[PDB]
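Here is the naming used below: chain letters follow the sequence lines, and residue numbers restart at 1 for every chain.
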Amino acid sequence: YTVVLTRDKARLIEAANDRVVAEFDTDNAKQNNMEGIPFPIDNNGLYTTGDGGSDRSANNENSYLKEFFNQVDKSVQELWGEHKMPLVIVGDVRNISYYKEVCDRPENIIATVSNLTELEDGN
Amino acid sequence: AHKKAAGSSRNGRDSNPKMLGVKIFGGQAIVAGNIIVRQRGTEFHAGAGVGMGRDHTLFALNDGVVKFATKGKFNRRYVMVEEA
Amino acid sequence: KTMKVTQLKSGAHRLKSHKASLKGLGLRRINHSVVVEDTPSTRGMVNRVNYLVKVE
Amino acid sequence: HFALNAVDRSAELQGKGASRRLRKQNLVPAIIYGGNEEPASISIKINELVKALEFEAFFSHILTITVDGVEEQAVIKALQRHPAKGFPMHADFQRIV
Amino acid sequence: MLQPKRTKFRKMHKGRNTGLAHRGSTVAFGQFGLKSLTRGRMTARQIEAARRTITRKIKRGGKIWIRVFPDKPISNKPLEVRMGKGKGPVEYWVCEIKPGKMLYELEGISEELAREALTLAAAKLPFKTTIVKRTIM
RNA sequence: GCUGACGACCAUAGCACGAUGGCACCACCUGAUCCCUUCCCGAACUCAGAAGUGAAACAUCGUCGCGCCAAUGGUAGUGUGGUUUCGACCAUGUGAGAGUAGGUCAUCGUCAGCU
RNA sequence: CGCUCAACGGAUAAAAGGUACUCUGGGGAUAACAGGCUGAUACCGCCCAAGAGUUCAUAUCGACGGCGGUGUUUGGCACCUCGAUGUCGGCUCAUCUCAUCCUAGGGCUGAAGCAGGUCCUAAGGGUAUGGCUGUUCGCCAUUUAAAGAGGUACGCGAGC
RNA sequence: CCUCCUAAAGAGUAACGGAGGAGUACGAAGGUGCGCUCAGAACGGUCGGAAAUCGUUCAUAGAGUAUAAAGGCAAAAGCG
RNA sequence: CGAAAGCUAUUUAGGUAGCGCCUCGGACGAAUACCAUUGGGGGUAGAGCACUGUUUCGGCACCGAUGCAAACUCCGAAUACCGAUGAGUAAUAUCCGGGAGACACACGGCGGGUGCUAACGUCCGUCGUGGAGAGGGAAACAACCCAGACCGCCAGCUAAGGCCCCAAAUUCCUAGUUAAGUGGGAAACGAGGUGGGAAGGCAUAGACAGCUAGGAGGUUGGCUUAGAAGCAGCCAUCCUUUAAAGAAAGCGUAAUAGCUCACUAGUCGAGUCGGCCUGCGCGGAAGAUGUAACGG
């Protein structure tokens, strides 16, 4: 698996060597019985839109982003529990690390790539 | 708002009450013109002594006592006014 | 024939018709005892509040 | 095996509250009807009834109920159990002519 | 994951679960049943996990009957949404279980390997259960 | 004894199957001139009639195959008072539905006609 | 007879916005902080055991599912405070918990030794300095026996 | 504004509760007198079929009711 | 004497108005309430598949079994509501008028919607309490329980709750249970705690345990597999010598080997074995200023 993280979104790509097997969209049909948020997981948290509590003066951005990556990990683990195979975490170094201290099975992670480009719109 | 499941299915309409039902029950004294049943359709049918309005309202045609019955081959509910 | 009815429990916080059964029996306070004819209609009032009155 | 002992269930032992009290006294209410005469209300000891229900020909043979006196040849027609606990709650016997 | 093919209505009132299972408290099709002694909701996920664990233990030599079907949609509210603004969307399906109901029946197998499969299934269910025989009355 | 008309009642009255009925009555039935009918048709309606038949229908009788009716007992629920582990339970009053045993091939009234 | 006077008991025949330049009267009737209630979510634990582990469910890990505990994340509510309970981070100075990071004692091990892994007992002490960024964090460099997880108004601005 | 449910077997009864309609139409689709009975299914029949129209046999409404739903509808309120 | 925090409407929503509820005056006089008997209509609780849907299995859409439903009903209560008749009890009901206040309600029950059958959450219905209510109990505690304070008393009886000491009243009586300070937080699940109950199996033809001897031949059953030998998996599970011994219930091996077990005989001598049901216990059970989860 390739878990792609940004501060605004998460993607999940199933892969075999050089090729993408599936990208886990709504049309994947392996996300049907998902109890967590299915991919692509947009970060629609309260601080990103503005309803919330604890406006900017609280400086809760890190805690909110940590919980968002925790939910992303919940989705990844749910999809992995049926088709176990290792995961590669792709994203900014800060996002990778926030994910690492939140992942349910951090010993399943084989690699972390922090220099991949156009993580939101990329192929 | 994670899972975005706040789906608007907007239906908050309802009509005003119509206050249908049985107005006078069995064995009660009744005078002509008194409304006995308000209803939609003939949940109750008019027997002797009671008339039926354009609205299917049942009313006493003459004085007396209201009587409820099940009569006929359709086992219909009937309201009558007995002279008593 | 008559019977003796005594109030043993407060009627203060009971149902409206239970307070009215106490009033129709003639009972006004705790330990008040009244004489009332022993008919089915007064027996029904006793039965309505039988948890708070006793018949001697 | 096909014989059981009963006790007459009086009119003060009938109804919901008296039935619950009767089962608290380890008795099962039962009714014998059919045949020719009027229904008779009886009580069966629950341990005896459970032991009888263990046998499988009990449900297809002619049973004999001895109500402390009179005898009744019957057939078990219905059996009411507790939905969850499973113990027998009521028994229905039909006289054989 | 059982689910009705189509429903008259999407959403349901909560309701109440009261009373004993006077219907469905009998081993009807099989020879061996697992019945519930407590009440509650049986999720379709629970039904699927229990069915899988019975099927694996009986190994295609026996027949299983699932006596519970999840036909009640349960709505859920997502996180970070206030109270109100309309009933939440349906997230999963349950069956209403009363004390006494048979959930699973097994037939065509030994008593021992039926009891093992039923115990295995009970382990995955949100109910206190008991294993019952088929009587005739 | 039976037939017809009009009712009461509205399956314990119904359905199905079989049997009986033509002196009265009823029904088919004959003809379409006439009255009257048909978006065509004497099928239905209508008229004028008795050569024929109870075939159909109808009426009557029999039965339990279906339907319908239906206990007794038990269970569920429940008003009031109390208790509770919130499931329920106790006292008292009430009491199903389903199912079982069982029942049923209706019962009456006014008038006329043949016997 | 003439009203989508449809905000449909219809304010005028006739009507939009900005305010961080602001102002008044009020409200904890009502939000943002912190407390409280809750615990969905989160974290931690436990139950089952399909499996992985050369063999071998249970050394280690635990799919599908089930059950708790905590208050500890993201939330829900709007009970307290609007005749004012100063925000984040740092500094200083702390204090408690144990779900233990080191040190201490143990069982098991897929424990030869050395090193470990997991769990049990254990809170007495100890538990870095820098580069970057306001950061908390995080990444990184170099160490250390170790560089703990938390609560304390996310401890501490009438202490900075 | 109307219909159903929530609504706890009289009426009423809230929520940014769950679902649907209305802001018309008709001089006949109104009145009356007279007359009629639907949907389907099977069998037979030129084009002609899964299904056109014709014939037969079952068919208390499984139809219709200008229109949403509910209630009603054989004396039909349905159709001439 | 004594509310209301409701309905309707409102550029209304914390304002106001009509109605409801309070008071005062007048009229009227049982028209009122309670209960008994009695006349009604109902579609709820329950229930059920006859319709609308939905569900499973079998036979062959239909048949037969089998489930479920707010917007399904072939059915169907209790209550409640509307009437009648009749007692007794009672500071009634109704109408006309003067004066209001109130239209932020809260909790505990019960029936629900909503929420997570979460919330000291929210929205209705319905009862009680608070509001606007003191006293006693619940350690403390508007809303819980008992009970409605005119004033005075160094009199008596009781309610809820209590009676070893704080602290008034039993170190009361009878029968039993618990050993966990359980009582005096917490589940799935686990266990050979302990008491009781309804039944079973075996036993002086010697039961249960222990100990001694055996536990075998076809045969490595066939298939599979790299192997596959009682013991990965799949299909059989047959025969023989027997006193007995499984085509094996475990450990072990790469597969073998090996060690057991079931089972039989011997020794021993008297009760013993395993399920079910009920009561009370046990583990599961970790948090932050101080014991700190009986007020002591």
Side-chain angles (χ1 to χ4, degrees), chain A residues 45 53-55 57-59 63-64 66-67 70-71 81-82 84 93-94 97-98, chain B residues 9 11-12 15-17 19 21-22 24-28 39-43 56 68 71-73 75, chain C residues 9-10 12-13 15 17 20-21 23-26 36-37 39-45 48 50-51, chain D residues 14 16-17 19 29-31 33-34 39 41 47 50-51 77-78 80 89-90 92 94, chain E residues 4-5 7-9 11-16 19 22-24 28-29 39 45-46 48-50 52-53 56 65-67 69 71 76-77 79-80 82-87 95-96 99 120 123-126:
Chain A
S54 78
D55 197 75
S57 213
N59 190 104
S63 199
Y64 293 150
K66 221 185 270 144
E67 182 63 39
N70 192 62
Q71 308 170 270
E82 315 282 344
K84 315 183 197 185
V93 64
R94 167 197 198 70
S97 29
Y98 272 43
Chain B
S9 184
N11 54 37
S15 64
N16 300 328
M19 286 66 99
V22 172
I24 297 164
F25 297 81
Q28 300 199 213
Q39 54 179 4
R40 302 285 168 255
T42 44
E43 301 154 5
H56 304 289
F68 283 85
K71 294 185 280 94
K73 70 176 299 234
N75 283 307
Chain C
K9 291 198 207 281
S10 195
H13 318 285
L15 291 170
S17 90
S21 292
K23 243 199 67 183
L25 275 175
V36 66
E37 48 198 340
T39 69
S41 314
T42 67
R43 280 293 168 151
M45 276 190 295
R48 187 59 89 241
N50 82 280
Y51 60 93
Chain D
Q14 266 148 87
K16 181 198 250 141
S19 276
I31 190 97
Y33 53 75
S41 287
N47 54 304
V50 162
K51 192 38 127 72
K77 264 304 280 208
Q80 275 170 23
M89 281 184 83
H90 191 250
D92 288 72
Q94 189 180 345
Chain E
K5 254 159 275 292
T7 29
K8 212 142 109 173
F9 292 106
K11 283 150 183 198
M12 217 81 108
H13 282 171
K14 186 183 331 284
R16 307 289 124 153
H22 298 278
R23 301 284 306 272
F29 315 84
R39 83 178 61 255
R45 282 184 197 268
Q46 290 150 15
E48 172 65 323
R52 281 149 82 269
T53 187
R56 226 182 267 115
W65 290 265
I66 310 178
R67 293 273 261 135
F69 189 89
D71 69 313
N76 222 287
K77 269 196 163 334
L79 248 56
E80 308 151 341
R82 311 291 190 61
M83 278 321 113
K85 198 134 155 272
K87 186 181 184 64
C95 179
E96 230 58 77
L120 271 162
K124 312 212 165 299
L125 296 179

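Of the side-chain N and O atoms in D:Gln14, one or more sit less than 4.0 angstrom from OP1 or OP2 of F:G73. In terms of phosphate contacts, E:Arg45 brings a side-chain nitrogen or oxygen within less than 4.0 Å of OP1 or OP2 of G:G65. OP1 and OP2 of I:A199 both lie 4.0 Å or more from every side-chain N or O belonging to D:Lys51. Contact annotation: B:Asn75 does not reach the phosphate of F:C10 (side-chain N/O to OP1 or OP2, under 4.0 Å).
Heavy atoms of B:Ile24 sit nowhere under 4.0 angstrom from any nucleic acid atom. Among the heavy atoms of the strands, none lies under 4.0 Å from B:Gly12.
By the criterion of a centre-to-centre distance under 5.5 Å and near-parallel planes under 30°, the ring of C:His13 forms a stack with the base of I:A147. Centre separation under 5.5 Å together with a plane angle under 30° does not hold for the ring of D:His90 and the six-membered base ring of F:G74, so they are not marked as stacked. Between the side-chain ring of B:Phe68 and the base of I:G40, no stacking contact exists by the 5.5 Å and 30° definition.
Using the sign of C1'-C2'-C3'-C4' as the criterion, G:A78 is classed as a south pucker. Here G:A7 has a south sugar; its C1'-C2'-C3'-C4' angle has a minus sign. Nucleotide I:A167 carries a south-puckered sugar, as indicated by a negative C1'-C2'-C3'-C4' torsion. On the basis of its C1'-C2'-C3'-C4' angle being positive, I:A65 carries a north sugar.
In this structure, G:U60 forms a base pair with G:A52, meeting the Watson-Crick or G-U wobble definition at 3.5 Å. Under a 3.5 Å limit on both donor-acceptor distances, the bases of F:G49 and F:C29 meet the Watson-Crick or G-U wobble criterion. Remark: I:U182 does not pair with I:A207, failing the Watson-Crick or G-U wobble criterion at under 3.5 Å for both atom pairs. Remark: the bases of I:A155 and I:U224 do not meet in a Watson-Crick or G-U wobble pair with both edge contacts under 3.5 Å. For G:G10 with G:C108, the Watson-Crick or G-U wobble criterion does not hold with each of the two distances under 3.5 Å. The bases F:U104 and F:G67 are paired, Watson-Crick or G-U wobble, with both atom distances under 3.5 Å.
For I:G86, the base has a donor-acceptor partner in the side chain of C:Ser41 [N/O atoms by modelled type, under 3.5 angstrom]. Taking 3.5 Å as the limit, the base of I:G88 and the side chain of C:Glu37 contain no donor-acceptor pair of atoms between them. Under 3.5 Å, the side chain of E:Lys124 and the base of G:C48 form at least one donor-acceptor pair of N or O atoms. Judged by distance alone, with hydrogens and angles left aside, D:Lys16 brings a side-chain donor or acceptor within reach of the base of F:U78, the pair sitting under 3.5 Å. In this model, a side-chain donor or acceptor of B:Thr42 finds a partner on the base of H:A77 within 3.5 Å. Within 3.5 Å, no donor on the side chain of C:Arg48 pairs with an acceptor on the base of I:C34, nor the reverse. Counting distance only, with no hydrogens placed and no angle test, the side-chain atoms of A:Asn59 and the base atoms of G:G134 include a donor-acceptor pair under 3.5 Å.
Residue E:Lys11 comes nearest to E:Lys87 through the heavy atom pair NZ-O, 3.2 Å, listed as atom of the first residue, atom of the second, then distance.
Nucleotides G:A78 and G:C33 are separated by 15 Å at their P atoms, to the nearest Å. Rounded to whole Å, the P atom of G:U133 lies 47 Å from the corresponding atom of G:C79.
Here I:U55 is the nucleotide among H:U3, I:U55, H:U13 with the atom lying nearest to any side-chain atom of E:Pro4.
Residue B:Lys71 qualifies as enclosed at atom NZ: its count of foreign heavy atoms under 6.0 Å is above 12.
Whole-Å rounding puts the E:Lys14 NZ to I:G111 P distance at 15 Å. Whole-Å rounding puts the E:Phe9 CZ to I:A69 P distance at 15 Å.
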**OP:** Represent RNA chain H in dot-bracket notation, 5' to 3'. Only Watson-Crick or G-U wobble pairs with both distances under 3.5 Å count; pseudoknot-style crossings use [ ] and interstrand partners use |.
**Re:** (((((...........))))).|(.........[[[.(.(((((.........)))))...).[[).....]]....]]]

